[PDB]
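A short reminder: the numbers here are calculations on the coordinates, not readings from a lab. Note that we place each Cβ from the backbone using ideal geometry, even for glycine, and neighbour counts take in every protein chain shown.
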Amino acid sequence: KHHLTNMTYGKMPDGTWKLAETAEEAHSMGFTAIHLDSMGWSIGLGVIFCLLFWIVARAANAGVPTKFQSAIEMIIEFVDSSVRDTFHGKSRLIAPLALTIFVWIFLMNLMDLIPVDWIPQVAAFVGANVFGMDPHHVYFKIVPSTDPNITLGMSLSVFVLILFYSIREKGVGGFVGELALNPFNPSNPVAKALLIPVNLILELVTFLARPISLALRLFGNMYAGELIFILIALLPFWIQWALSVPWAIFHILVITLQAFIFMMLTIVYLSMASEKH
Amino acid sequence: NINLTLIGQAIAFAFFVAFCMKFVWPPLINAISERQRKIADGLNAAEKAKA
Amino acid sequence: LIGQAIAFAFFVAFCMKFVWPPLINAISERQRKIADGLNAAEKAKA
Amino acid sequence: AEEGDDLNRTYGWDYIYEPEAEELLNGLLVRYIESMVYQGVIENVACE
Amino acid sequence: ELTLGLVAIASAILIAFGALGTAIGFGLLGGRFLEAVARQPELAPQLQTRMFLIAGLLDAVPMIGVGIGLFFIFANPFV
Amino acid sequence: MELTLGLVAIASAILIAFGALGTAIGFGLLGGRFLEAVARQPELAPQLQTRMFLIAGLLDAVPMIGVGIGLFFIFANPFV
Amino acid sequence: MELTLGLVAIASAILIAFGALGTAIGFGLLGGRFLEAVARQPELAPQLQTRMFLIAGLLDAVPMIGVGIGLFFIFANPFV
Amino acid sequence: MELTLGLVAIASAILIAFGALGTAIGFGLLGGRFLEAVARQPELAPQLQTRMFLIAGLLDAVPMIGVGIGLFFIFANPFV
Amino acid sequence: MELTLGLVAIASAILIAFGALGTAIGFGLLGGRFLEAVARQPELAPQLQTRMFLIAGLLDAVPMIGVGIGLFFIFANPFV
Amino acid sequence: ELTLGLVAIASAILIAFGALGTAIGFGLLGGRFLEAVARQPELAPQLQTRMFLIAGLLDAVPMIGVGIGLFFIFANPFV
Amino acid sequence: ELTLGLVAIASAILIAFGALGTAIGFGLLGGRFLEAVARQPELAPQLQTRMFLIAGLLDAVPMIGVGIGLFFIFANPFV
Amino acid sequence: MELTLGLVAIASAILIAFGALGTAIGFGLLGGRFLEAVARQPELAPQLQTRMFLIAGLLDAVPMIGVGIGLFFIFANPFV
Amino acid sequence: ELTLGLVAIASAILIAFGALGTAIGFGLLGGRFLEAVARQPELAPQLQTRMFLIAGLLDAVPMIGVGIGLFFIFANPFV
Amino acid sequence: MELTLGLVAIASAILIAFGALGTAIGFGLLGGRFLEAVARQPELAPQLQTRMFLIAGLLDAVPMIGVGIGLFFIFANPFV
Amino acid sequence: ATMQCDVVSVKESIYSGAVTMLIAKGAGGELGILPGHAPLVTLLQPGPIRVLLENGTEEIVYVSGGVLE
């Protein structure tokens, strides 16, 4: 366990499958310049649903479908109903947006239900097969997606869509404008710090902070999940593992919840931006 | 040691899928069958009304 | 920092690529709902 | 007069008063008096 | 040396703790105000007006605290 | 030398923000109940407003004293 | 001394600011219910305000006591 | 030993503070219901005000005890 | 040593400090609800008051015990 | 030196939050107890019955803190 | 040396504040419990059953904390 | 050295203690309203209990994060 | 190195403390607004709009504290 | 050096703990009225899960933010 | 189960029978009613009333003013 603890210390806090362009690819450098090179795993995990739904798209019908196709139309009907009846901005491809981002955050949090330690104790054969083992002993084994940079990209993508609408409703002038109920102060220096600076930071940071919060929503929740898995790793045999199961159940219950509220608030921002002023 | 931990995980997943089968399948299955049956009923109503 | 930007740009392309199919899947169901209404109309006409 | 009679206990169960009990009781008294008047009208019509 | 850290701590308190005051008080006010408008939907204008009035009456002390903290952050005393 | 300066600054600021709650919460409660009252009887909105100012002038003084003491410390703290 | 000068500053801030909330919160709690009573009883307001001020004065005694203690510590601190 | 002076000064500040908070907050709690009831039942105002005084003094006793301990330690600090 | 003497004094003070504060607030809420109920029940004063005395005696037992320990320390400080 | 003051403060806060919790929990119990008794002058015995039934349930962990504090004062830790 | 009082006061914090959380939570519970059980006396037993449910579900974490404090005392880690 | 050890021990205490408080409060708040609801609708008790369990599981999440990290510091002894 | 831990603790305050404030505030808003929309489901959407307005009203200064903490962490405006 | 490590450990500990507290209180505030409304209108189940989901999302904003960055400190102290 | 519901005006009753669901617009809160429910009284908005039997059908009655026990 103790050496296993050291391996765990090395392994999970890795960055993008320990990848860094113009440098090495398994133990390149702690916190040096690098790029994201694990998101592709989740991208393909999404292409999985892409094909799974191309199945139903080509095997589309009006009658009774097979069980899996019936469940797919369950989910499609459900999500379309939710997005439309909640609210719609411009009826331009918003619903496909919402449904795909739903299922993506769903899956991207989902895979974590697998063991952290089965991945290395299996892929050790492949690591010894190609590209060394000692940097793999440091950190080179794949980890279920846990980088926040995917969250940052998604959040900024949403923010870009928000900006695109805000210019398409052209409310940017009023969007910079804000409601300030703080006009006066009884003394000179406090009024000096009041007039320009107080309201300027007010109109600046408000909408800026939100997407940051959303990205860290995703990251912190999924991160908390992986860390619980990590603590489960100890007690190799004296435990009966009978108490990790209930937390795992609860975590599963959560997964859907954060994913859903995430795409909710996505819709909420799209709605408010698609509204006047 | 390592085998012991991995086997503990496997037994855990056994208990999971035991409860996953018992608790997760029925509601989804029932909803699927119910909608399939009710859609069939709507179509039969259409045919009957046509005749 | 570069990975952040690549994740940004690259997720959106995938969503755009998958956009037509979801809409197609969504429409294909409304027709089933339409049939019940048509049957009701036929009963009313009868 | 049967408002202090015909009773033998105060029920440990009671209703919760969604509006103020005062205004509720006032509206009650309104309806009760109106109903009394109505039935009296009925009776005198029969007598006629 | 340490004086800078203590000044930073004080400013953090100055801005954060009154941020609680605004948050909590506005929470109570929002709850009650929504209750009131639920009573009379038609009186929403004057309700919102009173809400603006009281909220503007509120934030003055938070404004003072945050301004003083920002002053330390840019121009601390006791250098 | 760090001791007195840092402690004076800390004490002043805590005086201020701790009053920040004082005013914030006191005013929040008063305003919530004022809204309840105007919801019930909107007729007396200005009279209840008058009583509201009657309370507003009554709740804020000591926090203002704390504010003044803090400002005194900022400008010329009486100490060594 | 500078150590203990800051210590006295801290104790003074405790007393003064702490009274600031004690009074502010007591007053807000008072005023909320007071507005409630005004709403229900728009006639009994005079004696309402009299009892209000009576109990409020009953409230802030120890608070002003602490304020005096703190300002005593500011001007003419003890244990010199 | 000045460190010990600051110790005991802060302790006394805490004592007198907690007494002040108990007084202020409890008094607000009572007064809310006092005014509410008296507005409801102005008739019982004498009896109920009597009970109000009966309980108000019934509240602040140990607060006063702490206040006295702190004041004495200001005048005659123990353990010197 | 004198550091430890000041620490023991801090502990002894602070114990009764929270004790008084908590007991005061407990009586505050408890008595406020007393005034409510007895105002709603002008006839049930005696039995209600009897219950009130019972519960008031029941409230602050452990608090007075801690106060006794604090006074024990004040007269006879242990762990010298 | 230091360990003595540490354990003294530890026992003090033990008993101190114990007493705080006891007092405020008792107040919360009593308030609703008394209002219910006012509404229901009849069932005062069984109300008192359940009242103590839950009061004894209440002060358990505070009593544990009392035991811990008394043990520390009499039979302290290592120092 | 200092570690002794440090871990002792950590344990004291755990157990004492756990007592706070318990006591005050059960006070909040019992208030509305008394209300409801007074409103519907006939349901008192099953109401008690739900109370037992939530009572068990309620204060487990304080028990965990107090036990960990006791281990920290006797079977002291950080040695 | 002992400074860091005391720091980590106190941190571990923090993590469990505060979370315990928060879950206690959420629990009590749900319990009062749950029981009063069951009193209101003594019929649909199953799904009431159902929603109650679901939101209860919803509650403790971040506090369980905290307790996990506390035990992480207890046994893994990071930075130790 | 001391100032580093000082500012780290200061940022801890800066964000967590306002976190408490926001969490409780929006909890109260949710409870009250939920009650209201239950009362008039027919009046849900515009009331939701009001709620969004007040949500933007409250969250301003807590976000400011978060931003100050982030500024300090990325670049302490001190040694 | 290790002292600053304990410093950041404490910062993170209190950070995550405070986040847990805020969430553990906000969830309770929500759930109370949630169950109450459910008791009022059993039929409105869909809208009430809807709103409850919405608000639960709106609530947790800052707490687990600070949680995440604090654990980042645990793995990568954002300094030497 | 179901439970008796009696729609009575001063002139006469309107509807009677044992039922298990009811929709009513109270002076304050809108109210849904089920058998065994805790005893309650309140004033009613002058609007329509919907009551649901266990036969998969729900009656309607239009009411102007009145009280519910």
Quiz item: Can you list the GluC sites (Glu not before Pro) in the range D:1-44 that are in a DSSP coil and have 15 or fewer other beta carbons within 10 angstrom?
Solution: D:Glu2, D:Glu3, D:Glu20
Quiz item: What is the mean number of Cβ atoms from other protein chains located within 10 Å of the Cβ atom of each residue in peptide K:61-70, rounded to a whole number?
Solution: 6
Quiz item: Once label points are set 7 Å from the Cα along Cα→Cβ at both A:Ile196 and B:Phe15, what is their separation, rounded to one decimal in nm?
Solution: 6.5 nm
Quiz item: Going through the DSSP H helices of chain E, which span 27 Å or more along their own axis at the Cα atoms while scoring at least -1.0 as a mean Kyte-Doolittle hydropathy?
Solution: E:2-39
Quiz item: What FRET efficiency, computed as 1/(1 + (r/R0)^6) with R0 = 41 Å and r the Cβ-Cβ distance, is obtained for C:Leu38 and A:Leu253, rounded to the nearest 0.05?
Solution: 0.50
Quiz item: Once the Cα atoms of helix H:61-75 and of chain H are each reduced to a long axis, what angle between those two axes, in degrees from 0 to 90 to the nearest 10, is obtained?
Solution: 30 degrees
Practice problem: Could you let me know the centre-to-centre spacing of chain K and the range N:13-68, using Cα atoms, in angstrom? | Solution: 22 Å
Quiz item: Volume per residue, Å³, of the convex hull around the alpha-carbon atoms of chain K?
Solution: 69 Å³
Quiz prompt | Cα Rg over Rh - the range A:155-274, Kirkwood | solution = 1.21
Practice problem: First obtain the Kirkwood hydrodynamic radius of chain F from its Cα pairs, then insert it into the Stokes-Einstein equation at 4 °C and 1.567 mPa s, and state the resulting D in µm² per second as a whole number. | Solution: 88 µm²/s
Quiz item: If eta is 0.692 mPa s and T is 37 °C, what Stokes-Einstein diffusion coefficient results for the protein assembly as shown, Kirkwood Rh from Cα pairs, in µm²/s?
Solution: 98 µm²/s
Practice problem: Report the label-to-label distance for A:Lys67 and M:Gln46 in nanometres (one decimal), using points 7 Å from each Cα along the Cα→Cβ vector. | Solution: 5.0 nm
Practice problem: Compute the FRET efficiency between J:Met63 and I:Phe75 as 1/(1 + (r/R0)^6), taking r as their Cβ-Cβ distance and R0 = 25 Å, and round to the nearest 0.05. | Solution: 0.45
Quiz item: Taking neighbour Cβ counts within 10 Å as the exposure measure, how do A:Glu73, A:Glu275 sort from fewest upward?
Solution: A:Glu275, A:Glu73
Self-check item: Relative exposure of O:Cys5, D:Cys47, B:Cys20, judged by other C-beta atoms within 10 Å (fewest first)
Solution: D:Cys47, B:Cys20, O:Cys5
Quiz item: For labels at D:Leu25 and D:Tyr11 in the simple 7 Å Cα→Cβ model, what's the distance in nm?
Solution: 1.8 nm
Exercise. Name the residue farthest towards the positive end of the dipole of the protein assembly as shown from the options A:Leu19, F:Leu44, E:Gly30, assuming +1 on Cβ of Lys and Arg, -1 on Cβ of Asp and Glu, about the Cα centre.
Key: A:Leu19
Quiz item: Where the Cα atoms of chain D are projected onto their three principal axes, how long is each span, largest first, in whole Å?
Solution: 46, 27, 13
Quiz prompt | Shielding by partners - mean other protein chain Cβ count within 10 Å, residues of A:92-100 | solution = 5
Quiz item: Taking every pair of alpha-carbon atoms in chain O, what share in percent sits in each 10 Å bin, from 0 to the bin with the longest distance?
Solution: 19, 59, 22, 0
Quiz item: Which helices, counted as full DSSP H runs in chain A, have an axial Cα extent of no less than 30 Å and a Kyte-Doolittle average of -0.5 or above?
Solution: A:199-232, A:244-273
Quiz item: Per residue, what volume in Å³ does the Cα convex hull of chain C take up?
Solution: 57 Å³
Quiz item: Mind checking the angle between helix C:20-45 and chain C's longest principal axis? C-alpha axes, 0 to 90 degrees, to the nearest 10.
Solution: 10 degrees
Quiz item: Counting pairs of Cα atoms in chain A, how many percent are more than 24 Å apart?
Solution: 64 percent
Quiz prompt | Average partner coverage of A:44-53, which counts Cβ from other chains inside 10 Å | solution = 2
Quiz item: Angle between the Cα long axis of helix F:45-59 and the longest principal axis of chain F, 0 to 90 degrees, nearest 10?
Solution: 20 degrees
Quiz item: Exposure proxy check: O:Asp6, J:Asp59 ranked by fewest other beta carbons within 10 Å?
Solution: O:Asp6, J:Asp59
